[PDB]
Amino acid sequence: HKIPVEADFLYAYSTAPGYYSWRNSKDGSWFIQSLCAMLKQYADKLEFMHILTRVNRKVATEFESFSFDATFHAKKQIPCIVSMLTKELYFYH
């Protein structure tokens, strides 16, 4: 008859805890680029967590950093879905 005050939040983080997040000055950030493509392609078909799982794979597989600085070259990124949701979320009805 009560719910927790922290229930029904979802935190779609661009990167894992502790890590840099990559942004491309021409294309936009890897995370936002992929999130928007997956929303457009799947928001009328998939539940939100399954969309966000496709964002994870897209960011994980299709992006790799290129830098003249060895320290920052050839690096990867995985986003971090944090769910306190109590129900499934579909953008359609």
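A residue's number is simply how far along the shown sequence it sits, counting from 1.
In this PDB entry, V55 carries a Cα temperature factor that places it within the middle third of its chain's modelled residues. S14 sits in the lowest third of its chain by CA B factor, as recorded in the PDB entry.
Per-chain ranking of the deposited C-alpha B factor places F68 in the middle third.
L46: CA B factor lies in the highest third for its chain, per the PDB record. In the deposited entry, the Cα temperature factor of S25 sits in the top third of values across the chain's modelled residues.
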